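Below is one structure, written out as structure tokens; the observations come after it.
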Amino acid sequence: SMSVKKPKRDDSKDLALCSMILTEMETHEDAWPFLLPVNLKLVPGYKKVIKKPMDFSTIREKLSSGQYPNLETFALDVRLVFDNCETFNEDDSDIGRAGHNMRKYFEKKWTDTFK
């Protein structure tokens with residue numbers, strides 16, 4: 001409350017550390033469905049169904065230009081990528097499997113870097 005704060009957790013390295021995580025997600029062999037925005041002209045249904053499209057290149061641009069206020073808003077966009085994937089793709093598909101694998105990979109790096 002006013003003039004009453006918990007001890008200040010050091011967030012000075014968060015930007016660099018999210019960048020590192022995103023580099024590792026970019027370079028994963030199963031990243032290919034997530035590297036670029038889904039082409040809304042060429043994929044029937046996507047535009048209407050997926051209200052908030054997100055991909056790794058869009059996160060990278062947001063990160064590089066100070067559009068993440070804190071590390072939680074960064075995690076929310078990464079999770080959005082996988083939530084969108086699960087919304088549009090069957091689990092038993094190459095893309096559906098890729099999304100599950102990448103979400104696991106991310107959540108471990110997230111816990112190990114910050115928790």
Side-chain angles (χ1 to χ4, degrees), residues 1-7 9-12 14-114:
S1 73
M2 200 179 335
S3 309
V4 185
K5 291 308 157 332
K6 293 195 187 57
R9 183 212 165 243
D10 182 15
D11 66 342
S12 65
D14 285 0
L15 189 59
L17 282 160
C18 292
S19 184
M20 278 179 50
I21 296 165
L22 182 59
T23 296
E24 296 166 0
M25 278 198 307
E26 295 165 334
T27 64
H28 191 297
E29 72 162 293
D30 301 341
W32 57 265
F34 316 115
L35 296 174
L36 298 179
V38 173
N39 181 333
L40 299 176
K41 301 174 192 306
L42 302 181
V43 179
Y46 209 85
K47 189 167 198 299
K48 188 65 178 271
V49 172
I50 301 294
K51 299 308 179 177
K52 285 179 73 176
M54 188 50 60
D55 66 286
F56 298 166
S57 80
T58 300
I59 297 173
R60 172 69 74 194
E61 184 62 38
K62 283 181 67 169
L63 192 60
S64 293
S65 63
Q67 292 185 67
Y68 293 115
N70 56 52
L71 82 169
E72 300 307 331
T73 59
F74 169 84
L76 283 168
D77 267 353
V78 175
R79 290 169 181 144
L80 176 63
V81 171
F82 309 125
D83 294 348
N84 290 343
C85 182
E86 273 198 56
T87 292
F88 211 81
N89 294 266
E90 276 296 340
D91 296 342
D92 186 15
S93 69
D94 294 278
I95 293 169
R97 283 187 283 279
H100 288 293
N101 287 354
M102 293 301 305
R103 180 196 301 270
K104 188 85 181 173
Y105 191 72
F106 170 67
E107 291 308 343
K108 169 99 151 74
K109 300 277 185 185
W110 188 249
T111 295
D112 294 355
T113 302
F114 294 119

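We number each residue from 1, following the sequence as shown. For the numbers below, each heavy atom of this structure counts, side chains included, while hydrogens, waters and symmetry mates do not.
For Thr23, the side chain to side chain donor-acceptor pair (under 3.5 Å) criterion is met by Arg60, not counting sequence neighbours. Applying the side-chain contact (heavy atoms from CB on, under 4.5 Å) rule to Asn39 yields the partners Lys41, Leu42; only residues at least two apart in sequence or on another chain are considered. Every residue two or more places apart in sequence or in another chain that forms a side chain to side chain donor-acceptor pair (under 3.5 Å) with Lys62 is listed here: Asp77. Applying the side chain to side chain donor-acceptor pair (under 3.5 Å) test to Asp94 and every residue at least two apart in sequence or in another chain returns nothing. Not counting sequence neighbours, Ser64 has no partner by the side chain to side chain donor-acceptor pair (under 3.5 Å) test. With sequence neighbours excluded, no residue forms a salt bridge (charged side-chain N to carboxylate O under 4.0 Å, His left out) with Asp91. With sequence neighbours excluded, no residue forms a salt bridge (charged side-chain N to carboxylate O under 4.0 Å, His left out) with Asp30. Legend: residues meeting ring-ring contact (aromatic ring centres under 6.0 Å, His included) with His100, ordered by chain and number and at least two apart, are absent. Under the rule for a side-chain contact (heavy atoms from CB on, under 4.5 Å), the partners of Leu35 that lie at least two apart in sequence or sit in another chain are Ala31, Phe56.
Exactly one of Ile59, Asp14, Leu15 qualifies for a side chain to side chain contact (heavy atoms under 4.5 Å, CB included) with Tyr68. That residue is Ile59.
Checked against the 6.0 Å centroid criterion, the rings of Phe106 and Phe82 do not qualify as a close aromatic pair.
Looking at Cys85 and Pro33, their side chains never come closer than 4.5 Å, going by heavy atoms from C-beta outward.
For the pair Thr111 (side chain) and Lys108 (backbone), a donor-acceptor distance under 3.5 Å is absent. Side-chain N or O atoms of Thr113 include none that pairs as donor or acceptor with a backbone N or O of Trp110 at under 3.5 Å. Here the side chain of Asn70 pairs a donor or acceptor atom with the backbone of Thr73 at under 3.5 angstrom.
Counting only residues at least two apart or on different chains, the salt bridge (charged side-chain N to carboxylate O under 4.0 Å, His left out) pairs with a member in residues 78-88 are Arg79-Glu107, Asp83-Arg103, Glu86-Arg103. The salt bridge (charged side-chain N to carboxylate O under 4.0 Å, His left out) pairs that include a residue from residues 42-59 number zero, where partners must be two or more places apart or lie in different chains.
In terms of heavy atoms, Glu90 sits closest to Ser93 at O-OG, 2.6 Å.
Cluster partners of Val49 are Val38, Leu40, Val43, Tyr46, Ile50, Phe88, counting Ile, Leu, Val, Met, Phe, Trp and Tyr whose side-chain heavy atoms approach within less than 4.5 Å, directly or via other members.
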Apply the test side-chain contact (heavy atoms from CB on, under 4.5 Å) to residues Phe114 and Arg9: give CA-CA distance (whole Å), side-chain angles for both, the deciding distance (0.1 Å), then the verdict. CA-CA 11 Å; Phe114 294 119; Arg9 183 212 165 243; 3.6 Å; yes
Which is it for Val81 and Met102 under the side-chain contact (heavy atoms from CB on, under 4.5 Å) test, yes or no, and what are the steps along the way? CA-CA 10 Å; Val81 171; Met102 293 301 305; over 6 Å; no
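Here the straight-line distance linking atom CD1 of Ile21 with atom CD of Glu24 works out to 7.0 Å at 0.5 Å rounding.
Under the 4.5 Å side-chain heavy-atom criterion for ILVMFWY residues, no single connected hydrophobic cluster contains both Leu71 and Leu76.
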